[PDB]
Amino acid sequence: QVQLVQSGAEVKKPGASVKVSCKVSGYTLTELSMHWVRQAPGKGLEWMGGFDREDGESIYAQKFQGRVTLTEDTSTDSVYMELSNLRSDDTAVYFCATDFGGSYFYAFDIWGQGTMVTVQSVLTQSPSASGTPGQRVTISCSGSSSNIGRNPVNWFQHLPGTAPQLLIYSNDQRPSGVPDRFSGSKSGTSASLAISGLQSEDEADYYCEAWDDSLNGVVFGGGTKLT
Amino acid sequence: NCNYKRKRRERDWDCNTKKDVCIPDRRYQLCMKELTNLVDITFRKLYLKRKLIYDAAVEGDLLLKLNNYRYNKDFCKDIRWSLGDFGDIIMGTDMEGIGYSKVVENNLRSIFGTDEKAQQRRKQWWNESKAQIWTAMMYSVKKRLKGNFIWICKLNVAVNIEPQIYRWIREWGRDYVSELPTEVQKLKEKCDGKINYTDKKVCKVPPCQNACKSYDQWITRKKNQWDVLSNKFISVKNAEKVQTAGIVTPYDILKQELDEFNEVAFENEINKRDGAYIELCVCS
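So the sequence lines, in the order shown, correspond to chains B and A. Counting with the deposited numbering, you get residues 5 to 123, 145 to 252 for the letters of the first sequence. Counting with the deposited numbering, you get residues 216 to 254, 264 to 508 for the letters of the second sequence.
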């Protein structure tokens, strides 16, 4: 039992600042990495930054390096992320997630419920997919050799309303609770998720994630929605 | 071979590839996938470290599977033995240095250098990185169960530098004490009891005489393996000039690692003069 609980919804005026909390419940914060990602209503998942605990020295995305500052408080067992110079398009839902056992890995495991705040991408996925109960479907991820070629790939099942959940990590491995019908593969410069026997619980948007050596950051794919 | 691990003792120690030493099957299977396909501070610090983490995470994953997902001491020692080999590869003390390992060495030399001052930079880089490599091997074991996680395996015990030949004698002695009861339990079933009224079954019973030739074949590989490994230890201990805290003979390494290690019986066991063997496989 390891929970992540974030603060309530906040509303800010364009240009102001906002600080979101993220508290751990059931394991010592002192060992986790505590990254952060957001998703606007229309747009997809985007990775902002995180605290690489194995080395300290938190890392951020590229066009965010002058707006985000991550703090911590060991007494309250929580993390804080502040965004300055809030633009109108920064309206989105912000998540805190960690890998829980990763040093240089980002197969996020424990996610928060999100925080509603009111004021493309290197990996390329198919714009949309559709299938019928009982058939094989194949969502594909394609990127350069500097992100997918030489690094592991992950997959996510994000149901709008709830937080994403880890589906596949290390390009081949599935967690405990993930059904057996899911499976991943990677070859050359493209990964692909496979759902053998599409059932009714596929009402989600699917993303691929990998580490880009040239960017030194976590990158997400555009997105893919099945029906 | 970064796919799965052969079952325990499916293959024994290889004393033939390099004549001066016996190599355990785990060393061959050590995952070095990313460490080979590598073909400027960032060349080593960031890139080579990531490549080594990707390999260490796999090794720590397949070793957990090798141990039937049991989180016990037998698993921690497989981590400890393998993490060290990763180090001897980086530090240029890999005793095997054959085949796919030759590519890794050339890769490291094109990064750090080739002279004496390169081993130091490589030995230094291992010290300032060995901890992170241990956290990588513990990846799968820690991801698997978010809660209820415990540091069964300890860090400093695994990242304590020790000559490779030492850590392999530790692994060998652990394999010996696990194998001996089995080869004896088989012997007991087919040779216990007396045949007529006072004679031993091995004198006439072929079924017992066959289990003896199996034990005779096994104990001979153990004696020979011990002979090679202990000679290779003497060659290294004599050439290193470091006191390594209380280890003089290779029998000390077993005393440290094994519980209730009676080297008197060990010498008797590997020389076919122990008690149980005479009662079961020696007629007169």
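The beta-carbon is built from N, C-alpha and C at its ideal position, and this holds for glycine as well.
Check whether chain B comes within 8 Å of A:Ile277, counting only Cβ atoms and requiring the distance to be less than that.
The count along the second sequence starts at 1 and reaches residue 277 of chain A at position 53. Interface residue, yes.
Quick one: measure Cβ to Cβ for A:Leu411 and A:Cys505, integer angstroms, because I've assumed they're closer than 8 Å.
Within the second sequence, residue 411 of chain A is the residue found at index 187, counting from 1. Within the second sequence, residue 505 of chain A is the residue found at index 281, counting from 1. Correct: roughly 7 Å between the Cβ atoms.
Which runs of the beta strand (DSSP E) spanning at least 3 residues fall entirely within the region 174-222 of chain B, listed in chain order?
178-183, 190-193, 207-212 and 215-221
Where B:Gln190 falls, given that 16 or more other Cβ within 10 Å makes a residue buried
Along the first sequence, one-based indexing puts residue 190 of chain B at 165. Result: buried.
Exposed or buried, A:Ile458, counting other C-beta atoms within 10 Å across all chains shown (16 or more means buried)?
Along the second sequence, read from residue 1 onward, the residue named residue 458 of chain A stands at position 234. Exposed, since its Cβ has fewer than 16 Cβ neighbours within 10 Å.
Any residues in the region 343-366 of chain A with a beta carbon nearer than 9 Å to a beta carbon of chain B? Which ones, in chain order?
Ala355, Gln356, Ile357, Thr359, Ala360, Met362, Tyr363, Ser364, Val365 and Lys366
Can you give the beta carbon distance from B:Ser11 to B:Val24, rounded, assuming they're within the 8 Å contact cut?
Residue numbering aside, residue 11 of chain B sits at position 7 when the first sequence is read from its first letter. Residue numbering aside, residue 24 of chain B sits at position 20 when the first sequence is read from its first letter. That belief holds up - the Cβ atoms of B:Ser11 and B:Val24 are roughly 6 Å apart, short of 8 Å.
Residues within the region 77-109 of chain B neighbouring chain A, beta-carbon criterion of under 8 Å:
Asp103, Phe104, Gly105, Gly106, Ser107, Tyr108 and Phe109
B:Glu86 - partner residues in DSSP beta bridges:
Taking the first sequence and counting its residues from 1, one reaches residue 86 of chain B at position 82. Answer by DSSP bridge pairing, in chain order: B:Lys23 and B:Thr73.
Per the contact definition of three or more C-beta pairs closer than 8 Å, is the region 107-114 of chain B in contact with the region 146-156 of chain B?
no
Measuring only the C-alpha atoms, how far is B:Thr102 from A:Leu245?
For the purposes of this step, residue 102 of chain B is identified with residue 98 of the first sequence, where counting begins at 1. For the purposes of this step, residue 245 of chain A is identified with residue 30 of the second sequence, where counting begins at 1. C-alpha separation (whole angstroms): 29 Å.
Our contact map puts B:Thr78 next to B:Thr157 with C-beta atoms below 8 Å; I'd like the distance itself, whole angstroms only.
If you number the first sequence from 1, residue 78 of chain B lands on position 74. If you number the first sequence from 1, residue 157 of chain B lands on position 132. No, B:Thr78 and B:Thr157 are not in contact; Cβ-Cβ is about 51 Å, not under 8 Å.
Buried versus exposed, by CB contacts within 10 Å (16 or more), A:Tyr421
On the second sequence, position 197 is the one that residue 421 of chain A refers to. It counts as exposed.
Is B:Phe55 helix, strand or coil by DSSP?
Looking up residue 55 of chain B in the first sequence gives position 51. If DSSP states are grouped into helix, strand and coil, B:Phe55 belongs with coil.
Three CB pairs or more closer than 8 Å across the region 392-403 of chain A and the region 444-456 of chain A:
yes
Could you tell me which chain A residues have their CB closer than 8 Å to the CB of B:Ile114, listed as they occur along the chain?
Counting from 1 along the first sequence, the entry for residue 114 of chain B is found at position 110. Result: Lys370.
Contact under 8 Å by Cβ, B:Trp51 with B:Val203:
Here residue 51 of chain B refers to the residue found at position 47 of the first sequence. Here residue 203 of chain B refers to the residue found at position 178 of the first sequence. Not in contact: B:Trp51 and B:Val203 (Cβ atoms no closer than 8 Å).
Close Cβ partners of A:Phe485 (< 6 Å) along its chain, the five nearest in sequence each way excluded
Locating residue 485 of chain A in the second sequence gives position 261, counting from the first residue. Here the set comprises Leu478 and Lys479.
Roughly how far, in whole angstroms, is the beta-carbon of B:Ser217 from the beta-carbon of B:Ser165, given that I think they are within contact range, below 8 Å?
For the purposes of this step, residue 217 of chain B is taken as residue 192 along the first sequence, with counting starting at 1. For the purposes of this step, residue 165 of chain B is taken as residue 140 along the first sequence, with counting starting at 1. Contact flag correct, Cβ pair sits at about 5 Å.
Would you mind sorting B:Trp236 into buried or exposed? The rule is 16 or more other CB atoms within 10 Å of its CB.
Stepping through the first sequence from its first residue, residue 236 of chain B is reached at position 211. Buried, by the Cβ-count rule.
Any beta carbon from chain A within less than 8 Å of B:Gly46's own beta carbon?
Sequence index remark: in the first sequence, residue 46 of chain B carries index 42 (1-based). Not an interface residue.
Please report whether the beta-carbon of A:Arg294 lies at a distance below 8 Å from any beta-carbon of chain B.
Here residue 294 of chain A is taken as the residue at index 70 of the second sequence, counted from 1. Not an interface residue.
Using 8 Å as the Cβ pair cut-off and three pairs as the minimum, do the region 207-217 of chain B and the region 306-325 of chain A touch?
no
With 9 Å as the C-beta to C-beta threshold (strictly closer), list the residues of the region 286-320 of chain A near chain B in chain order.
none
Start and end of the alpha helix (DSSP H) containing A:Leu287?
Within the second sequence, residue 287 of chain A is the residue found at index 63, counting from 1. Unbroken alpha helix (DSSP H) run through A:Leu287: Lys273 to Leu290.
So if DSSP puts A:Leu453 in a beta bridge, which residue, or which two residues, is it bridged to?
Taking the first residue of the second sequence as 1, we reach residue 453 of chain A at position 229. A:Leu453 pairs with nothing; no bridge assigned.
Near-chain A residues of the region 52-69 of chain B (beta-carbon distance less than 7 Å), N- to C-terminal order
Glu58
Proximity of B:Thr95 and B:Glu86 at Cβ, strictly below 8 Å
For the purposes of this step, residue 95 of chain B is taken as residue 91 along the first sequence, with counting starting at 1. For the purposes of this step, residue 86 of chain B is taken as residue 82 along the first sequence, with counting starting at 1. For B:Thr95 and B:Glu86, no; Cβs fall outside 8 Å.
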